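Everything on this sheet refers to the single structure shown next.
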Amino acid sequence: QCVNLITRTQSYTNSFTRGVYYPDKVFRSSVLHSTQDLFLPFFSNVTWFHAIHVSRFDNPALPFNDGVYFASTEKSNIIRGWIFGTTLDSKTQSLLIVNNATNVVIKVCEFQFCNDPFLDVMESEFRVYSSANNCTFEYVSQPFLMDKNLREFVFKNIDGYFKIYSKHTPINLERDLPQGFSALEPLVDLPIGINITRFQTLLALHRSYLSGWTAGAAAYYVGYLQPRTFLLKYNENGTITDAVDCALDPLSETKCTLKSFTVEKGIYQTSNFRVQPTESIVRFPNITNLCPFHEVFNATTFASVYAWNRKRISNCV
Amino acid sequence: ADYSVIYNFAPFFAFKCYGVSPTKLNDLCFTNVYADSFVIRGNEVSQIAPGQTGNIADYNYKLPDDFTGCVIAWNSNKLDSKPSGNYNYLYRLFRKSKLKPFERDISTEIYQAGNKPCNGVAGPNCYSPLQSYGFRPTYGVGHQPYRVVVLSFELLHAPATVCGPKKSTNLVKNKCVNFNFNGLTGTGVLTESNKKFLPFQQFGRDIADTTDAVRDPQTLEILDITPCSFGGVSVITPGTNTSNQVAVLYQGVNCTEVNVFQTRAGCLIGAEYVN
Amino acid sequence: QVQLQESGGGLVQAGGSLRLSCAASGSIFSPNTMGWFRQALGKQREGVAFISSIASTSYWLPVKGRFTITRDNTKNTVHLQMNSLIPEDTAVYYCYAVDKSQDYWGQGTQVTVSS
Ligand SMILES: *[C@@H]1O[C@H](CO)[C@@H](O)[C@H](O)[C@H]1NC(C)=O
Ligand SMILES: *[C@@H]1O[C@H](CO)[C@@H](O)[C@H](O)[C@H]1NC(C)=O
């Protein structure tokens, strides 16, 4: 019963100072630690998606690339699930994450996901995927969508290990991506060890019971992660209160070089500028004649080792 | 994977391990394990082995030549023998081709041993591939039923997650001892710590990139690790022609951790302080 | 845990008819093959007839016409139709569910004929 229901519109906005998380499991206090990792750059293109269902296919699957940063100011009931995979069919293994009030279930099975998957509220998962076979992982734990408040998640897939970090930050009348800082604590670590290249966000729909699904609008934000060097300031209680992007602007480059958040008056040497080549060219000889390696390599008789035979090869390809 | 309960389950006719020693199973961590359970006659127990031939090996259960794991067999007369005959155990006697390693066949098609087709109905030159294991309590030891479990341990690119229990030992403190915490090996004194770890963080590092705090796995406690005392030994002595008496100075060491005097330079032994 | 419900046995005179039925509830995984076995009084256990999941039938005794197997895909059940009943088939019957991993067994039905 895969039914196309949602029309999706996109806008562009600045990421501001979001996309940070704890990169490892090491406590640090009152230090400045610089690390190279997949991150969301400061002041970048973030894309705001608005998905509307009114009581055709208009929700293409967004590629995973190197990772995904998801943000949502909606309440926990509206947004409920995530769908991860490469082809999103029964041929390849797939990730399905479903959240309810009671708990959260993450299941790795060969789901046959629909073109427009959604959860219809009991709660039915059959709308999400037609079938699931060869299932190899089930995990149930406390929900991470509790009830004005931005919920931020970041998903990474490195060396066959899949990482989910999340955080809940209250937000005022300011834009849903406000200023300030908020570190994303790590929540879920799963040794899945499969391939993921595309992802899709599930939406909760309530049956109208009177146009069988009530109209609804969901607003969320997608950002992408790339390999960047970040300098983070762990505080007295091991909390990332501030961070700088080492390749944003020259001032941040000097801060990166000096390993400090304050720079005194002066002239500092940071890096070396060089211009990259535009394209590659190859120049080779004009001869087209092949070369008789077969004569040597299929000759009927060879000579003795003390009377070994040599042949000079030249002017061939 | 607690192999101790496997060892102590019951006396075993065979506990033969191929590619791995039985003792090192606990300390080796495998990516995946496969438990293959079946019941066979005592004579066919030896047929469950790499490079072996037989009805069970060719048509029922085949192991690869490079198989890594173990085979465990034990008698089950009380469970798998009845006076009237336990006909609930079946084996494949006839098959067109030999079974590949780690392959199963559930087809019940009549074996065709003749040119004339069997037409799906039993008849001349057509025999049922599956035969019943008529186990009886009075059978000879070779023919008595035996339960056989084959453990196949495989390692893949995925991280290993199956191995034996991790010992807890005990906790001691205020003594320079050798510590091993989750693969972090070293020596130090594990004193009480005023620091407050985040639940995710297990270790703690100094400014100069060295471990100074650690979290106990058994009990969620935080311990400050301090390296054991060390110093330089200096010898204070007059000329050997003048005398042969010497004094020893441990630099930077408190006098209680070794005519004893305590100075800012260290602990002095063998010299008398005067005003 | 799989329960194999057996029904349809009893006392029938020579030349009568009956309908054995085995319903497999529980695990009964998808690539199942269902069969019937015969247990004569104080004798060995032979195979009555087996039906597969692709409707292929393999009768293990020269008995065609006597047993006929009917399949119910909606409930995954198997029915054995008995006709022209003769005294030499007087034996208890169990149905055999191979499933894919662990095969199962029935409880038993008394089938009797005499005159
Ligand atoms: C964001 O990307 C879009 C298309 O990818 C582009 O048109 C736009 O200029 C970008 N935004 C900024 C601030 O560069
Ligand atoms: C062929 O290659 C030779 C040198 O290898 C060069 O002199 C000549 O110009 C080439 N011919 C063409 C048509 O480029």
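Scheme for the structure tokens: letters A, B, ... for chains in order shown; per-chain residue numbers from 1; ligand numbers from 1 in order shown.
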*asked:* If the cut-off is 8 Å, can you tell me the residues of chain C near chain B, counting only C-alpha atoms? I'd like them as a PyMOL selection string.
replied: chain C and resi 42+44-45+50+57-62+64+98+100+105
_Within-10 Å residues of ligand 2, basis only C-alpha atoms and all ligand atoms, as number ranges by chain_ = A: 284-288
Take the residues that were just selected and, keeping C-alpha atoms, output them as a compact mmCIF listing (two decimals), in the first residue's frame.
```
# COMPACT_ATOMS: atom_id res chain seq x y z
CA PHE A 284 53.42 9.65 -26.22
CA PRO A 285 55.29 8.39 -29.36
CA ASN A 286 53.64 8.10 -32.83
CA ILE A 287 54.56 4.42 -33.52
CA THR A 288 51.54 2.05 -33.65
```
*Compile the contact shell of residue 3 (chain C) as a list in words: residues with an atom at most 7 Å away, counting only C-alpha atoms, same-chain residues fewer than 3 positions apart removed.*
residues 24, 25 and 26 of chain C
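Identified as lying at most 8 Å from ligand 1 when counting only C-alpha atoms and all ligand atoms are the residues residues 12, 13, 14, 44, 45 and 46 of chain A.
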Next, write the just-selected residues to a file, as a PDB file, in the first residue's frame, keeping N, CA, C and O atoms as the atom set.
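Writing done, so here's out05.pdb:
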```
ATOM      1  N   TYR A  12      17.051  27.618   1.206  1.00  0.00           N
ATOM      2  CA  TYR A  12      18.453  27.639   1.599  1.00  0.00           C
ATOM      3  C   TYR A  12      18.653  28.623   2.742  1.00  0.00           C
ATOM      4  O   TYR A  12      18.023  29.685   2.772  1.00  0.00           O
ATOM      5  N   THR A  13      19.532  28.274   3.681  1.00  0.00           N
ATOM      6  CA  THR A  13      19.761  29.114   4.847  1.00  0.00           C
ATOM      7  C   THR A  13      21.171  28.819   5.360  1.00  0.00           C
ATOM      8  O   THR A  13      21.842  27.893   4.894  1.00  0.00           O
ATOM      9  N   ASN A  14      21.639  29.641   6.297  1.00  0.00           N
ATOM     10  CA  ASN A  14      22.973  29.514   6.858  1.00  0.00           C
ATOM     11  C   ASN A  14      22.965  28.522   8.013  1.00  0.00           C
ATOM     12  O   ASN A  14      22.028  28.488   8.814  1.00  0.00           O
ATOM     13  N   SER A  44      27.534  27.710   6.564  1.00  0.00           N
ATOM     14  CA  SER A  44      27.471  27.014   5.287  1.00  0.00           C
ATOM     15  C   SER A  44      26.037  26.945   4.767  1.00  0.00           C
ATOM     16  O   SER A  44      25.078  27.320   5.444  1.00  0.00           O
ATOM     17  N   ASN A  45      25.904  26.454   3.533  1.00  0.00           N
ATOM     18  CA  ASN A  45      24.608  26.030   3.010  1.00  0.00           C
ATOM     19  C   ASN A  45      23.992  24.915   3.844  1.00  0.00           C
ATOM     20  O   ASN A  45      24.487  23.784   3.846  1.00  0.00           O
ATOM     21  N   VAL A  46      22.923  25.228   4.568  1.00  0.00           N
ATOM     22  CA  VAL A  46      22.014  24.226   5.104  1.00  0.00           C
ATOM     23  C   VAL A  46      20.716  24.344   4.321  1.00  0.00           C
ATOM     24  O   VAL A  46      20.332  25.446   3.895  1.00  0.00           O
TER      25      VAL A  46
END
```
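Of the residues in region 83-253 of chain A, those given helix (DSSP H, G or I) by DSSP on the backbone are residues 250, 251, 252 and 253 of chain A.
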Limited to N, CA, C and O atoms, could you put the picked residues into a file as an mmCIF file, in the first residue's frame?
```cif
data_model
loop_
_atom_site.group_PDB
_atom_site.id
_atom_site.type_symbol
_atom_site.label_atom_id
_atom_site.label_comp_id
_atom_site.auth_asym_id
_atom_site.auth_seq_id
_atom_site.Cartn_x
_atom_site.Cartn_y
_atom_site.Cartn_z
ATOM 1 N N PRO A 250 40.938 33.570 7.340
ATOM 2 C CA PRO A 250 42.341 33.655 7.786
ATOM 3 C C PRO A 250 42.508 33.849 9.284
ATOM 4 O O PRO A 250 43.453 33.301 9.865
ATOM 5 N N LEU A 251 41.624 34.615 9.929
ATOM 6 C CA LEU A 251 41.723 34.788 11.375
ATOM 7 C C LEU A 251 41.577 33.454 12.096
ATOM 8 O O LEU A 251 42.318 33.164 13.047
ATOM 9 N N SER A 252 40.629 32.626 11.654
ATOM 10 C CA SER A 252 40.502 31.291 12.224
ATOM 11 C C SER A 252 41.732 30.446 11.932
ATOM 12 O O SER A 252 42.099 29.593 12.744
ATOM 13 N N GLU A 253 42.385 30.667 10.790
ATOM 14 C CA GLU A 253 43.622 29.947 10.503
ATOM 15 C C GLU A 253 44.726 30.332 11.482
ATOM 16 O O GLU A 253 45.476 29.468 11.950
#
```
*Residues at most 10 Å from residue 54 (chain A), counting only C-alpha atoms, excluding those fewer than 4 positions away in the same chain, as a VMD selection string?*
chain A and resid 5 to 7 211 213 to 217
Could you write out the selected residues, including N, CA and C atoms, as a CSV table (one decimal), in the first residue's frame?
```
chain,number,residue,atom,x,y,z
A,5,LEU,N,2.1,10.7,-1.1
A,5,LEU,CA,1.3,11.6,-0.3
A,5,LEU,C,1.9,13.0,-0.1
A,6,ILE,N,3.2,13.1,-0.1
A,6,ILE,CA,3.9,14.3,0.4
A,6,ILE,C,4.5,15.1,-0.7
A,7,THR,N,4.3,16.4,-0.7
A,7,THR,CA,5.0,17.3,-1.6
A,7,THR,C,6.0,18.1,-0.8
A,211,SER,N,-8.7,11.2,1.2
A,211,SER,CA,-8.4,12.0,2.3
A,211,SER,C,-8.5,11.3,3.6
A,213,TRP,N,-6.0,10.5,5.5
A,213,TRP,CA,-4.9,10.9,6.3
A,213,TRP,C,-5.0,12.4,6.5
A,214,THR,N,-4.8,12.9,7.8
A,214,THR,CA,-5.0,14.3,8.1
A,214,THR,C,-3.8,15.1,7.5
A,215,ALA,N,-4.1,16.3,7.0
A,215,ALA,CA,-3.1,17.1,6.4
A,215,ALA,C,-2.1,17.6,7.5
A,216,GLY,N,-0.9,17.6,7.1
A,216,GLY,CA,0.2,18.0,8.0
A,216,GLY,C,1.4,18.6,7.3
A,217,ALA,N,2.1,19.5,8.1
A,217,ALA,CA,3.3,20.1,7.5
A,217,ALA,C,4.4,19.9,8.5
```
_Could you work out which residues of chain B fall inside 10 Å of chain A? Count only C-alpha atoms, and format the result as a PyMOL selection string._
chain B and resi 157-161+195-207+211+213-214
Keeping N, CA and C atoms, export the residues of the selection given above as an mmCIF file, in the first residue's frame.
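The file below, out-v7.cif, is the result:
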```cif
data_model
loop_
_atom_site.group_PDB
_atom_site.id
_atom_site.type_symbol
_atom_site.label_atom_id
_atom_site.label_comp_id
_atom_site.auth_asym_id
_atom_site.auth_seq_id
_atom_site.Cartn_x
_atom_site.Cartn_y
_atom_site.Cartn_z
ATOM 1 N N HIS B 157 35.836 -8.960 7.850
ATOM 2 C CA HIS B 157 36.252 -7.570 7.989
ATOM 3 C C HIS B 157 35.477 -6.844 9.080
ATOM 4 N N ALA B 158 34.288 -7.327 9.431
ATOM 5 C CA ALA B 158 33.542 -6.747 10.532
ATOM 6 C C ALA B 158 34.267 -7.004 11.853
ATOM 7 N N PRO B 159 34.168 -6.078 12.806
ATOM 8 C CA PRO B 159 34.859 -6.266 14.089
ATOM 9 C C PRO B 159 34.362 -7.503 14.823
ATOM 10 N N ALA B 160 35.287 -8.180 15.498
ATOM 11 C CA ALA B 160 34.942 -9.376 16.254
ATOM 12 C C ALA B 160 34.164 -9.010 17.511
ATOM 13 N N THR B 161 33.185 -9.849 17.859
ATOM 14 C CA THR B 161 32.341 -9.576 19.015
ATOM 15 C C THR B 161 32.004 -10.821 19.830
ATOM 16 N N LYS B 195 37.690 14.596 39.966
ATOM 17 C CA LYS B 195 37.155 14.893 38.649
ATOM 18 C C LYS B 195 35.809 14.202 38.446
ATOM 19 N N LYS B 196 35.042 14.717 37.487
ATOM 20 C CA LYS B 196 33.706 14.208 37.177
ATOM 21 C C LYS B 196 33.652 13.863 35.691
ATOM 22 N N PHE B 197 33.733 12.571 35.383
ATOM 23 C CA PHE B 197 33.682 12.117 34.003
ATOM 24 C C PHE B 197 32.278 12.267 33.428
ATOM 25 N N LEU B 198 32.219 12.488 32.121
ATOM 26 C CA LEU B 198 30.968 12.317 31.404
ATOM 27 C C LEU B 198 30.723 10.824 31.188
ATOM 28 N N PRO B 199 29.460 10.389 31.149
ATOM 29 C CA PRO B 199 29.191 8.944 31.036
ATOM 30 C C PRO B 199 29.821 8.302 29.814
ATOM 31 N N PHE B 200 30.005 9.060 28.736
ATOM 32 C CA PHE B 200 30.604 8.527 27.521
ATOM 33 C C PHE B 200 32.116 8.388 27.634
ATOM 34 N N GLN B 201 32.766 9.289 28.365
ATOM 35 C CA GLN B 201 34.221 9.335 28.411
ATOM 36 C C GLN B 201 34.761 8.295 29.386
ATOM 37 N N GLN B 202 35.753 7.527 28.934
ATOM 38 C CA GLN B 202 36.378 6.481 29.735
ATOM 39 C C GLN B 202 37.737 6.881 30.289
ATOM 40 N N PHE B 203 38.523 7.643 29.535
ATOM 41 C CA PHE B 203 39.857 8.056 29.947
ATOM 42 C C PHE B 203 39.899 9.566 30.153
ATOM 43 N N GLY B 204 41.051 10.041 30.616
ATOM 44 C CA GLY B 204 41.309 11.459 30.761
ATOM 45 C C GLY B 204 42.771 11.759 30.514
ATOM 46 N N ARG B 205 43.066 12.828 29.780
ATOM 47 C CA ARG B 205 44.429 13.130 29.375
ATOM 48 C C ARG B 205 44.869 14.484 29.912
ATOM 49 N N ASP B 206 46.171 14.599 30.163
ATOM 50 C CA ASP B 206 46.777 15.843 30.605
ATOM 51 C C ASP B 206 46.916 16.809 29.430
ATOM 52 N N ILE B 207 47.463 17.991 29.717
ATOM 53 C CA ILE B 207 47.761 18.948 28.656
ATOM 54 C C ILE B 207 48.830 18.388 27.727
ATOM 55 N N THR B 211 47.811 10.024 30.012
ATOM 56 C CA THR B 211 46.636 9.625 30.776
ATOM 57 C C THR B 211 46.825 9.953 32.251
ATOM 58 N N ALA B 213 43.490 10.244 34.398
ATOM 59 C CA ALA B 213 42.303 9.752 35.080
ATOM 60 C C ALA B 213 41.693 8.625 34.263
ATOM 61 N N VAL B 214 41.052 7.686 34.961
ATOM 62 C CA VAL B 214 40.506 6.489 34.330
ATOM 63 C C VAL B 214 39.204 6.126 35.038
#
```
*Counting only C-alpha atoms, what is within 6 Å of region 187-190 of chain B, bar same-chain residues fewer than 5 positions away, as a count of residues only?*
13
*asked:* Applying 7 Å and only C-alpha atoms, which residues near region 93-98 of chain B remain after dropping the ones on its own chain fewer than 4 positions away? List them as a PyMOL selection string.
replied: chain B and resi 55+58-59+111+129-131
Keeping only N, CA and C atoms, take the residues you just selected and write them out as a compact mmCIF listing (two decimals), in the first residue's frame.
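Below is the file out-v3.txt, written as the result:
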```txt
# COMPACT_ATOMS: atom_id res chain seq x y z
N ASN B 55 28.83 -41.61 4.06
CA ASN B 55 27.46 -41.23 3.73
C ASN B 55 27.10 -39.88 4.35
N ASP B 58 29.34 -37.05 2.71
CA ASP B 58 29.04 -36.74 1.31
C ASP B 58 27.63 -36.18 1.14
N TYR B 59 26.65 -36.68 1.90
CA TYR B 59 25.25 -36.38 1.63
C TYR B 59 24.52 -35.67 2.76
N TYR B 111 15.30 -40.50 -5.27
CA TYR B 111 16.57 -40.66 -5.97
C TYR B 111 16.38 -41.53 -7.21
N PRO B 129 15.62 -41.17 -0.72
CA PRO B 129 16.92 -40.66 -0.27
C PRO B 129 17.06 -40.57 1.24
N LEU B 130 15.95 -40.45 1.97
CA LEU B 130 15.98 -40.29 3.41
C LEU B 130 15.65 -41.62 4.09
N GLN B 131 16.51 -42.05 5.00
CA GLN B 131 16.33 -43.28 5.75
C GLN B 131 16.30 -42.98 7.24
```
*Could you pull the residues within 8 Å of residue 150 (chain B), counting only C-alpha atoms, minus those fewer than 5 positions along the same chain, as a PyMOL selection string?*
chain B and resi 34-37+69-72
Write the selection just made, keeping N, CA, C and O atoms, as a short mmCIF file (atom, residue, chain, number, x, y, z; two decimals), in the first residue's frame?
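Saved to selection01.cif:
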```cif
data_model
loop_
_atom_site.label_atom_id
_atom_site.label_comp_id
_atom_site.auth_asym_id
_atom_site.auth_seq_id
_atom_site.Cartn_x
_atom_site.Cartn_y
_atom_site.Cartn_z
N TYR B 34 29.12 -20.28 14.47
CA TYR B 34 28.01 -21.07 13.94
C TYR B 34 27.94 -22.38 14.70
O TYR B 34 28.92 -23.13 14.74
N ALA B 35 26.79 -22.66 15.30
CA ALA B 35 26.56 -23.90 16.03
C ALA B 35 25.67 -24.80 15.18
O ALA B 35 24.52 -24.45 14.91
N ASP B 36 26.21 -25.94 14.76
CA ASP B 36 25.50 -26.90 13.93
C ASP B 36 25.25 -28.15 14.77
O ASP B 36 26.19 -28.88 15.10
N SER B 37 23.99 -28.39 15.12
CA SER B 37 23.60 -29.50 15.97
C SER B 37 22.90 -30.57 15.14
O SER B 37 22.05 -30.24 14.30
N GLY B 69 37.48 -24.50 13.90
CA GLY B 69 36.44 -24.68 14.91
C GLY B 69 36.67 -25.96 15.68
O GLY B 69 37.80 -26.41 15.83
N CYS B 70 35.57 -26.52 16.18
CA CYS B 70 35.62 -27.74 16.97
C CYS B 70 34.39 -28.59 16.70
O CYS B 70 33.35 -28.10 16.23
N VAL B 71 34.52 -29.89 16.98
CA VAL B 71 33.42 -30.84 16.91
C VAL B 71 33.34 -31.55 18.26
O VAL B 71 34.34 -32.08 18.76
N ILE B 72 32.14 -31.54 18.85
CA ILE B 72 31.89 -32.12 20.17
C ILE B 72 30.79 -33.16 20.03
O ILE B 72 29.72 -32.86 19.48
#
```
*asked:* For the structure I just gave you, how does DSSP split region 54-298 of chain A - specifically, which residues are strand (DSSP E)? Reply as an MDAnalysis selection string.
replied: chainID A and resid 62:63 68:72 81:85 94:99 104:113 119:120 129:141 149:158 161:170 185:190 198:201 204:205 216:224 226:234 240:245
